[PDB]
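> See protein-v2.cif below, with mmCIF, C-alpha atoms.
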```cif
data_my_file
#
loop_
_atom_site.group_PDB
_atom_site.id
_atom_site.type_symbol
_atom_site.label_atom_id
_atom_site.label_comp_id
_atom_site.auth_asym_id
_atom_site.auth_seq_id
_atom_site.Cartn_x
_atom_site.Cartn_y
_atom_site.Cartn_z
ATOM 1 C CA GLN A 2 -7.231 9.150 7.466
ATOM 2 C CA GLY A 3 -7.842 5.421 7.412
ATOM 3 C CA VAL A 4 -6.559 2.135 6.028
ATOM 4 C CA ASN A 5 -8.907 -0.650 4.898
ATOM 5 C CA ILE A 6 -7.816 -4.067 3.633
ATOM 6 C CA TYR A 7 -9.873 -6.267 1.300
ATOM 7 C CA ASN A 8 -9.109 -9.815 0.163
ATOM 8 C CA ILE A 9 -10.808 -10.125 -3.229
ATOM 9 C CA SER A 10 -11.153 -13.640 -4.623
ATOM 10 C CA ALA A 11 -11.221 -13.797 -8.431
ATOM 11 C CA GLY A 12 -14.697 -13.168 -9.824
ATOM 12 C CA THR A 13 -16.026 -11.330 -6.792
ATOM 13 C CA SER A 14 -16.595 -7.769 -5.659
ATOM 14 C CA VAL A 15 -16.520 -5.999 -2.300
ATOM 15 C CA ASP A 16 -18.286 -2.996 -0.822
ATOM 16 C CA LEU A 17 -15.928 -0.442 0.675
ATOM 17 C CA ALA A 18 -16.332 0.431 4.364
ATOM 18 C CA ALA A 19 -14.869 3.841 3.560
ATOM 19 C CA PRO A 20 -15.554 5.289 0.094
ATOM 20 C CA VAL A 21 -12.727 6.324 -2.217
ATOM 21 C CA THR A 22 -13.059 9.930 -3.344
ATOM 22 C CA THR A 23 -10.807 12.706 -4.664
ATOM 23 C CA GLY A 24 -7.376 12.524 -3.078
ATOM 24 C CA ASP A 25 -7.777 8.895 -2.033
ATOM 25 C CA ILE A 26 -5.812 5.818 -3.104
ATOM 26 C CA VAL A 27 -6.463 2.161 -3.830
ATOM 27 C CA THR A 28 -3.787 -0.414 -4.591
ATOM 28 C CA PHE A 29 -4.480 -3.970 -5.696
ATOM 29 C CA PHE A 30 -1.692 -6.320 -4.593
ATOM 30 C CA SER A 31 -1.137 -9.564 -6.478
ATOM 31 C CA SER A 32 1.058 -12.250 -4.924
ATOM 32 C CA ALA A 33 1.873 -13.547 -8.412
ATOM 33 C CA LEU A 34 2.498 -12.494 -12.009
ATOM 34 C CA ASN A 35 1.969 -15.104 -14.714
ATOM 35 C CA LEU A 36 2.670 -13.690 -18.143
ATOM 36 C CA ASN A 37 2.518 -17.256 -19.417
ATOM 37 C CA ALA A 38 -1.149 -17.811 -18.658
ATOM 38 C CA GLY A 39 -3.318 -18.836 -21.597
ATOM 39 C CA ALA A 40 -5.253 -16.329 -23.695
ATOM 40 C CA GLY A 41 -7.960 -14.270 -22.000
ATOM 41 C CA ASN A 42 -11.674 -14.561 -22.739
ATOM 42 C CA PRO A 43 -10.819 -11.944 -23.987
ATOM 43 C CA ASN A 44 -9.588 -10.576 -20.657
ATOM 44 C CA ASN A 45 -7.145 -12.458 -18.436
ATOM 45 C CA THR A 46 -7.680 -10.102 -15.538
ATOM 46 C CA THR A 47 -9.693 -6.986 -14.753
ATOM 47 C CA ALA A 48 -9.680 -4.668 -11.726
ATOM 48 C CA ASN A 49 -12.622 -2.322 -11.309
ATOM 49 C CA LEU A 50 -13.777 0.664 -9.267
ATOM 50 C CA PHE A 51 -17.580 1.101 -9.102
ATOM 51 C CA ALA A 52 -19.812 4.065 -8.261
ATOM 52 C CA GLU A 53 -22.741 3.548 -5.888
ATOM 53 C CA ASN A 54 -25.112 2.987 -8.819
ATOM 54 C CA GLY A 55 -22.990 0.192 -10.232
ATOM 55 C CA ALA A 56 -21.298 2.190 -12.971
ATOM 56 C CA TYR A 57 -17.754 1.177 -13.890
ATOM 57 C CA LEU A 58 -15.893 4.367 -12.979
ATOM 58 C CA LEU A 59 -12.696 2.607 -13.974
ATOM 59 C CA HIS A 60 -12.356 -0.739 -15.734
ATOM 60 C CA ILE A 61 -8.763 -1.977 -16.178
ATOM 61 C CA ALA A 62 -8.411 -5.103 -18.331
ATOM 62 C CA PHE A 63 -5.240 -7.052 -19.017
ATOM 63 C CA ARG A 64 -5.113 -9.017 -22.282
ATOM 64 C CA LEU A 65 -2.053 -11.178 -22.889
ATOM 65 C CA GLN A 66 -3.027 -12.422 -26.353
ATOM 66 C CA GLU A 67 -3.731 -8.888 -27.578
ATOM 67 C CA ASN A 68 -0.737 -7.722 -25.546
ATOM 68 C CA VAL A 69 -2.604 -4.697 -24.266
ATOM 69 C CA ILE A 70 -4.100 -3.094 -21.163
ATOM 70 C CA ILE A 71 -7.526 -1.551 -21.694
ATOM 71 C CA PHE A 72 -9.055 1.296 -19.662
ATOM 72 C CA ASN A 73 -12.733 2.198 -19.906
ATOM 73 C CA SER A 74 -15.914 3.197 -18.102
ATOM 74 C CA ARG A 75 -19.584 2.216 -18.370
ATOM 75 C CA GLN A 76 -22.997 3.124 -16.933
ATOM 76 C CA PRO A 77 -24.601 0.219 -15.033
ATOM 77 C CA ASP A 78 -26.882 -0.534 -17.969
ATOM 78 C CA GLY A 79 -24.975 1.332 -20.676
ATOM 79 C CA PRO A 80 -22.377 0.266 -23.281
ATOM 80 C CA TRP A 81 -18.620 0.560 -22.876
ATOM 81 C CA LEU A 82 -17.546 4.136 -23.551
ATOM 82 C CA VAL A 83 -14.389 5.435 -25.269
ATOM 83 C CA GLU A 84 -11.715 2.794 -24.797
ATOM 84 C CA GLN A 85 -8.130 3.737 -23.927
ATOM 85 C CA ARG A 86 -5.275 1.309 -24.648
ATOM 86 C CA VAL A 87 -1.614 0.861 -23.726
ATOM 87 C CA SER A 88 0.505 -1.792 -25.455
ATOM 88 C CA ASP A 89 3.064 -4.240 -24.084
ATOM 89 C CA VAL A 90 1.784 -5.759 -20.843
ATOM 90 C CA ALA A 91 5.125 -7.315 -19.941
ATOM 91 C CA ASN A 92 6.914 -3.965 -20.117
ATOM 92 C CA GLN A 93 4.555 -2.359 -17.606
ATOM 93 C CA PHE A 94 5.426 -4.956 -14.940
ATOM 94 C CA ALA A 95 9.121 -4.972 -15.873
ATOM 95 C CA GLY A 96 11.450 -4.902 -12.885
ATOM 96 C CA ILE A 97 9.369 -6.897 -10.412
ATOM 97 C CA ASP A 98 8.756 -10.637 -10.783
ATOM 98 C CA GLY A 99 6.450 -13.073 -9.018
ATOM 99 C CA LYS A 100 4.131 -10.326 -7.774
ATOM 100 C CA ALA A 101 2.708 -6.961 -8.756
ATOM 101 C CA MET A 102 0.893 -3.813 -7.648
ATOM 102 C CA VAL A 103 -1.745 -1.752 -9.422
ATOM 103 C CA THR A 104 -2.398 1.631 -7.805
ATOM 104 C CA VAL A 105 -5.153 4.065 -8.743
ATOM 105 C CA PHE A 106 -5.037 7.660 -7.521
ATOM 106 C CA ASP A 107 -8.351 9.514 -7.682
ATOM 107 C CA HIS A 108 -7.390 13.022 -8.762
ATOM 108 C CA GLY A 109 -10.971 14.160 -9.240
ATOM 109 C CA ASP A 110 -10.839 14.883 -12.960
ATOM 110 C CA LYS A 111 -8.652 11.873 -13.714
ATOM 111 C CA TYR A 112 -7.572 8.474 -12.409
ATOM 112 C CA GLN A 113 -3.806 8.021 -12.306
ATOM 113 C CA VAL A 114 -2.981 4.339 -12.820
ATOM 114 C CA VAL A 115 0.419 3.050 -11.714
ATOM 115 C CA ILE A 116 1.730 -0.492 -12.214
ATOM 116 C CA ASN A 117 4.391 -0.961 -9.541
ATOM 117 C CA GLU A 118 6.300 2.346 -9.791
ATOM 118 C CA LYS A 119 5.319 3.101 -13.413
ATOM 119 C CA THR A 120 2.474 5.492 -14.265
ATOM 120 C CA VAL A 121 0.806 3.654 -17.137
ATOM 121 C CA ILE A 122 -1.901 6.214 -17.824
ATOM 122 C CA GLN A 123 -3.468 9.487 -16.763
ATOM 123 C CA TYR A 124 -7.079 8.513 -17.408
ATOM 124 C CA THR A 125 -9.480 11.397 -17.926
ATOM 125 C CA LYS A 126 -12.729 10.329 -16.304
ATOM 126 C CA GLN A 127 -15.745 9.482 -18.460
ATOM 127 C CA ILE A 128 -17.891 9.090 -15.344
ATOM 128 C CA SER A 129 -17.404 10.799 -11.976
ATOM 129 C CA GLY A 130 -18.373 10.139 -8.378
ATOM 130 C CA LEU A 131 -17.077 8.346 -5.299
ATOM 131 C CA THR A 132 -15.966 4.708 -5.519
ATOM 132 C CA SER A 133 -18.084 2.445 -3.295
ATOM 133 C CA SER A 134 -17.164 -1.002 -4.599
ATOM 134 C CA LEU A 135 -14.217 -2.819 -6.164
ATOM 135 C CA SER A 136 -13.845 -6.083 -8.062
ATOM 136 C CA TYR A 137 -11.187 -8.428 -9.409
ATOM 137 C CA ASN A 138 -12.468 -10.611 -12.226
ATOM 138 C CA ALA A 139 -10.596 -13.539 -13.707
ATOM 139 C CA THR A 140 -10.491 -17.313 -13.786
ATOM 140 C CA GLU A 141 -8.037 -19.494 -11.910
ATOM 141 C CA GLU A 142 -6.972 -20.918 -15.268
ATOM 142 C CA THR A 143 -5.842 -17.747 -17.053
ATOM 143 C CA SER A 144 -5.506 -14.805 -14.646
ATOM 144 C CA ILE A 145 -2.180 -12.968 -14.667
ATOM 145 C CA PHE A 146 -2.644 -12.317 -10.945
ATOM 146 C CA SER A 147 -3.000 -14.463 -7.810
ATOM 147 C CA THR A 148 -6.348 -16.146 -7.054
ATOM 148 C CA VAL A 149 -6.925 -13.619 -4.293
ATOM 149 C CA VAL A 150 -5.897 -10.001 -4.757
ATOM 150 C CA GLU A 151 -5.513 -7.778 -1.709
ATOM 151 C CA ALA A 152 -6.934 -4.314 -2.189
ATOM 152 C CA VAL A 153 -5.776 -1.627 0.212
ATOM 153 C CA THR A 154 -7.431 1.785 0.398
ATOM 154 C CA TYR A 155 -6.067 4.946 2.018
ATOM 155 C CA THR A 156 -8.963 7.315 2.591
ATOM 156 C CA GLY A 157 -9.757 10.592 4.330
ATOM 157 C CA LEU A 158 -6.569 11.960 2.803
ATOM 158 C CA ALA A 159 -8.085 15.236 1.566
ATOM 159 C CA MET B 1 3.275 14.666 -9.147
ATOM 160 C CA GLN B 2 1.955 11.679 -7.197
ATOM 161 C CA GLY B 3 4.142 8.595 -7.247
ATOM 162 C CA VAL B 4 4.664 5.076 -5.966
ATOM 163 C CA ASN B 5 8.092 3.886 -4.822
ATOM 164 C CA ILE B 6 8.846 0.306 -3.789
ATOM 165 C CA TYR B 7 11.706 -0.710 -1.495
ATOM 166 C CA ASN B 8 12.695 -4.185 -0.325
ATOM 167 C CA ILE B 9 14.420 -3.828 3.045
ATOM 168 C CA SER B 10 16.341 -6.778 4.476
ATOM 169 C CA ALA B 11 16.368 -7.082 8.258
ATOM 170 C CA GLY B 12 19.071 -4.848 9.705
ATOM 171 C CA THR B 13 19.419 -2.484 6.764
ATOM 172 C CA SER B 14 18.087 0.893 5.664
ATOM 173 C CA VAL B 15 17.201 2.450 2.317
ATOM 174 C CA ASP B 16 17.432 6.027 1.055
ATOM 175 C CA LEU B 17 14.210 7.195 -0.554
ATOM 176 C CA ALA B 18 14.135 8.263 -4.194
ATOM 177 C CA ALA B 19 11.249 10.533 -3.234
ATOM 178 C CA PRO B 20 11.228 11.981 0.291
ATOM 179 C CA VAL B 21 8.147 11.585 2.457
ATOM 180 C CA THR B 22 6.642 14.828 3.703
ATOM 181 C CA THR B 23 3.357 16.209 5.012
ATOM 182 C CA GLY B 24 0.435 14.395 3.429
ATOM 183 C CA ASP B 25 2.493 11.419 2.279
ATOM 184 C CA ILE B 26 2.221 7.758 3.271
ATOM 185 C CA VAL B 27 4.616 4.905 3.954
ATOM 186 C CA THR B 28 3.506 1.325 4.518
ATOM 187 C CA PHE B 29 5.767 -1.534 5.598
ATOM 188 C CA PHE B 30 4.500 -4.922 4.387
ATOM 189 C CA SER B 31 5.556 -8.165 6.101
ATOM 190 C CA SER B 32 4.910 -11.589 4.541
ATOM 191 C CA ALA B 33 5.017 -13.191 7.989
ATOM 192 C CA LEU B 34 3.961 -12.584 11.583
ATOM 193 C CA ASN B 35 5.675 -14.486 14.385
ATOM 194 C CA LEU B 36 4.276 -13.438 17.762
ATOM 195 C CA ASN B 37 6.279 -16.274 19.309
ATOM 196 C CA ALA B 38 9.707 -15.169 18.091
ATOM 197 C CA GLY B 39 12.692 -15.291 20.421
ATOM 198 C CA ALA B 40 13.548 -12.771 23.112
ATOM 199 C CA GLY B 41 14.243 -9.263 21.877
ATOM 200 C CA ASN B 42 17.177 -7.349 23.341
ATOM 201 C CA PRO B 43 14.902 -5.580 23.990
ATOM 202 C CA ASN B 44 13.547 -5.119 20.455
ATOM 203 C CA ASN B 45 12.347 -7.932 18.223
ATOM 204 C CA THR B 46 11.617 -5.578 15.366
ATOM 205 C CA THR B 47 11.840 -1.852 14.713
ATOM 206 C CA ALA B 48 10.588 0.234 11.779
ATOM 207 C CA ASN B 49 12.068 3.713 11.466
ATOM 208 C CA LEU B 50 11.715 6.994 9.564
ATOM 209 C CA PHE B 51 14.849 9.166 9.397
ATOM 210 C CA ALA B 52 15.566 12.780 8.498
ATOM 211 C CA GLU B 53 18.412 13.586 6.103
ATOM 212 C CA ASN B 54 20.776 14.338 9.002
ATOM 213 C CA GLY B 55 20.182 10.940 10.595
ATOM 214 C CA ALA B 56 17.596 11.937 13.197
ATOM 215 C CA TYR B 57 15.018 9.309 14.175
ATOM 216 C CA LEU B 58 11.841 11.154 13.161
ATOM 217 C CA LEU B 59 9.946 8.068 14.284
ATOM 218 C CA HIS B 60 11.275 4.942 15.983
ATOM 219 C CA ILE B 61 8.689 2.104 16.224
ATOM 220 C CA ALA B 62 9.925 -0.808 18.368
ATOM 221 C CA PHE B 63 8.002 -4.051 18.804
ATOM 222 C CA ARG B 64 8.875 -5.908 22.017
ATOM 223 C CA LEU B 65 7.238 -9.289 22.633
ATOM 224 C CA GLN B 66 8.682 -9.983 26.095
ATOM 225 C CA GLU B 67 7.960 -6.477 27.380
ATOM 226 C CA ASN B 68 4.717 -6.877 25.431
ATOM 227 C CA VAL B 69 4.660 -3.320 24.173
ATOM 228 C CA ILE B 70 5.216 -1.264 21.053
ATOM 229 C CA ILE B 71 7.308 1.808 21.765
ATOM 230 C CA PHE B 72 7.434 5.076 19.839
ATOM 231 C CA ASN B 73 10.177 7.677 20.187
ATOM 232 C CA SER B 74 12.530 10.093 18.424
ATOM 233 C CA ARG B 75 16.105 11.281 18.867
ATOM 234 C CA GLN B 76 18.448 13.787 17.242
ATOM 235 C CA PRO B 77 21.430 12.363 15.275
ATOM 236 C CA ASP B 78 23.713 11.981 18.312
ATOM 237 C CA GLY B 79 21.346 12.810 21.157
ATOM 238 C CA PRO B 80 19.418 10.884 23.846
ATOM 239 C CA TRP B 81 16.028 9.310 23.196
ATOM 240 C CA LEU B 82 13.236 11.789 23.850
ATOM 241 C CA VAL B 83 9.799 11.311 25.425
ATOM 242 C CA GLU B 84 8.711 7.720 24.859
ATOM 243 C CA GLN B 85 5.114 6.750 24.065
ATOM 244 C CA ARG B 86 3.777 3.242 24.703
ATOM 245 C CA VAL B 87 1.107 0.905 23.376
ATOM 246 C CA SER B 88 0.714 -2.267 25.438
ATOM 247 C CA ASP B 89 -0.105 -5.716 24.047
ATOM 248 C CA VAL B 90 1.631 -6.408 20.720
ATOM 249 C CA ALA B 91 -0.529 -9.355 19.618
ATOM 250 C CA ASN B 92 -3.658 -7.288 20.140
ATOM 251 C CA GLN B 93 -2.619 -4.642 17.635
ATOM 252 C CA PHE B 94 -2.242 -7.335 14.946
ATOM 253 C CA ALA B 95 -5.473 -9.115 15.910
ATOM 254 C CA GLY B 96 -7.550 -10.176 12.920
ATOM 255 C CA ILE B 97 -4.804 -11.005 10.416
ATOM 256 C CA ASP B 98 -2.356 -13.923 10.635
ATOM 257 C CA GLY B 99 0.623 -14.927 8.509
ATOM 258 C CA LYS B 100 1.376 -11.359 7.502
ATOM 259 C CA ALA B 101 0.982 -7.735 8.478
ATOM 260 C CA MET B 102 1.346 -4.127 7.415
ATOM 261 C CA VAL B 103 2.372 -1.007 9.319
ATOM 262 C CA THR B 104 1.294 2.318 7.830
ATOM 263 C CA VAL B 105 2.605 5.723 8.837
ATOM 264 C CA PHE B 106 0.729 8.830 7.661
ATOM 265 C CA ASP B 107 2.738 12.055 7.853
ATOM 266 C CA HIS B 108 0.158 14.589 9.018
ATOM 267 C CA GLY B 109 2.683 17.395 9.479
ATOM 268 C CA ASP B 110 2.219 17.811 13.238
ATOM 269 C CA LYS B 111 1.765 14.111 13.996
ATOM 270 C CA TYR B 112 2.578 10.679 12.642
ATOM 271 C CA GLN B 113 -0.524 8.453 12.525
ATOM 272 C CA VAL B 114 0.574 4.826 12.881
ATOM 273 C CA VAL B 115 -1.825 2.113 11.806
ATOM 274 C CA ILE B 116 -1.282 -1.618 12.208
ATOM 275 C CA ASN B 117 -3.307 -3.306 9.459
ATOM 276 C CA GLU B 118 -6.589 -1.372 9.795
ATOM 277 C CA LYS B 119 -6.148 -0.282 13.412
ATOM 278 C CA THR B 120 -4.753 3.127 14.345
ATOM 279 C CA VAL B 121 -2.537 2.429 17.346
ATOM 280 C CA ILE B 122 -1.289 5.958 17.943
ATOM 281 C CA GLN B 123 -1.519 9.595 16.908
ATOM 282 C CA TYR B 124 2.150 10.358 17.553
ATOM 283 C CA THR B 125 2.759 14.098 18.014
ATOM 284 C CA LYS B 126 6.190 14.702 16.462
ATOM 285 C CA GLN B 127 9.100 15.533 18.752
ATOM 286 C CA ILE B 128 11.258 16.224 15.687
ATOM 287 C CA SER B 129 9.952 17.527 12.353
ATOM 288 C CA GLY B 130 11.260 17.460 8.791
ATOM 289 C CA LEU B 131 11.176 15.315 5.670
ATOM 290 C CA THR B 132 11.787 11.576 5.829
ATOM 291 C CA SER B 133 14.700 10.683 3.556
ATOM 292 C CA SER B 134 15.429 7.119 4.673
ATOM 293 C CA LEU B 135 13.725 4.095 6.229
ATOM 294 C CA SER B 136 14.990 1.071 8.119
ATOM 295 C CA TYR B 137 13.776 -2.308 9.315
ATOM 296 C CA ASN B 138 15.995 -3.674 12.064
ATOM 297 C CA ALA B 139 15.906 -7.172 13.527
ATOM 298 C CA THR B 140 17.702 -10.519 13.573
ATOM 299 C CA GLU B 141 16.291 -13.223 11.286
ATOM 300 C CA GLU B 142 15.722 -15.308 14.402
ATOM 301 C CA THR B 143 13.702 -12.980 16.635
ATOM 302 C CA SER B 144 11.881 -10.627 14.239
ATOM 303 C CA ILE B 145 8.079 -10.596 14.284
ATOM 304 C CA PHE B 146 8.244 -9.882 10.530
ATOM 305 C CA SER B 147 9.652 -11.608 7.424
ATOM 306 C CA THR B 148 13.377 -11.466 6.599
ATOM 307 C CA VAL B 149 12.634 -8.830 3.973
ATOM 308 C CA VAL B 150 9.969 -6.166 4.509
ATOM 309 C CA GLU B 151 8.532 -4.243 1.563
ATOM 310 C CA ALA B 152 8.120 -0.522 2.107
ATOM 311 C CA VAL B 153 5.826 1.310 -0.274
ATOM 312 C CA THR B 154 5.670 5.100 -0.304
ATOM 313 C CA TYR B 155 2.923 7.268 -1.782
ATOM 314 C CA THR B 156 4.317 10.764 -2.332
ATOM 315 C CA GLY B 157 3.480 14.167 -3.786
ATOM 316 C CA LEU B 158 -0.045 13.745 -2.453
ATOM 317 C CA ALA B 159 -0.475 17.254 -1.009
#
```
Please lay out the structure from this file as structure tokens.

Amino acid sequence: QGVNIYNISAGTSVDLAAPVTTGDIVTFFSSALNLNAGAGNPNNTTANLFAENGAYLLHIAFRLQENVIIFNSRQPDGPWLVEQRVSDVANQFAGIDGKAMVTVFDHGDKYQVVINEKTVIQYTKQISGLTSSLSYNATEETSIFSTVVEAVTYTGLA
Amino acid sequence: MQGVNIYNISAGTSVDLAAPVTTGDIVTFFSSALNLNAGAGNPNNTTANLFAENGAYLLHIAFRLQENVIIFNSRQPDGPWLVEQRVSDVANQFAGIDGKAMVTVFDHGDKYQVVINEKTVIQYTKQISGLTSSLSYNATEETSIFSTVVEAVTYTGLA
């Protein structure tokens, strides 16, 4: 088992030293939570897990104006697949202020997404494979998270 | 089912877990500070602990700046400390990251794997087994190597 820490600046991606596969965990830690940021474009913040070929295994997008969290997948060159949505962004982060956590458990057939202690969705995968990269995309002007998000992975668990 | 539990532990206090930590689970203590020049411990500057339901120290992690060592031990509820394990050079274990730190403990059933940031500092073979039902972060606000409040995050139901 191993722990790897990644400091992801908004709008950048990072290659994992240890891949995230079935049974592994990744948590994105934000040192802030601004639910008063302007409207997204259309997204305020997104956190992604990528396969080796660049496919979006899991795309999580936070939209304040549409008051929704979107979950989807996409082939590197393909179009967004079947979009999953969950309403009320504020409610998902309820309980903890000034910071937040977004954890993704890779259960093989699904990705379990948890905001702080709340499981927001049991996402049935649309694309499978190990996660080799991660990204945090947003602007300094409208992101709901801190300018740098710390991603921590716990691997070798299985 | 797998779950995430968040606990804010103020220096010198303990918390009872909503979900116990057992084989295959993980606990990580997050500190928003790192003071390798804190006062003199007596002898501990900071300790992070995992307890069984009966009060036993499943794992006692003590950071000592002056003795420059991190100690690992266990003890039954009202018994003597058992066989101590040592890791010399505190600063070295936290090398690479400043201003903060994290201490992760993997419960591997037969051993506790302790990792400081990304570095595994010890494969601690348990002297006492059982589920972890409480955690503690002990220190004075003046001589702790960590922040006044440490955030413990547990990942459970993994197995």
> Could you list, as an NGL selection string, every residue within 12 Å of residue 2 in chain B, counting all atoms listed in the file and ignoring same-chain residues fewer than 3 positions away?
(:A and (24-26 or 104-108 or 112-115 or 118-120 or 123)) or (:B and (5 or 19-21 or 24-26 or 154-159))
> Considering all atoms listed in the file, extract the chain B residues located within 7 Å of chain A and return them as an MDAnalysis selection string.
chainID B and resid 4:6 118
> Please, what distance in Å, to one decimal, runs between CA of residue 85 in chain B and CA of residue 99 in chain B?
27.1 Å
> What would the selection look like, as a PyMOL selection string, if the PyMOL selection byres ((chain B and resi 62-66) around 8) were run on the coordinates I just shared?
chain B and resi 36-38+40-41+43-48+60-61+67-72+90+145
> Can you pull out the residues contacting residue 93 in chain A? Cut-off 8 Å, using only C-alpha atoms, and skip same-chain residues under 2 positions away; I want them as a PyMOL selection string.
chain A and resi 89-91+95+116+119+121
> Given only C-alpha atoms as the basis, pick out the residue of A:85, A:151, A:63, A:157 nearest to residue 135 in chain A.
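Of A:85, A:151, A:63, A:157, the one nearest residue 135 in chain A is A:151, counting only C-alpha atoms.
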> What's the separation between CA of residue 84 in chain A and CA of residue 109 in chain A, in Å to one decimal place?
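Interatomic distance, CA of residue 84 in chain A to CA of residue 109 in chain A: 19.3 Å.
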> Run the PyMOL selection byres ((chain B and resi 31) around 10) on the file and write out the hits as a ChimeraX atom specification.
/B:28-30,32-34,99-103,145-152
> Could you check the closest approach to residue 17 in chain B for each of B:124, B:51, B:130, B:112 and tell me which residue wins, using only C-alpha atoms?
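Of the candidates, the smallest distance to residue 17 in chain B is held by B:51.
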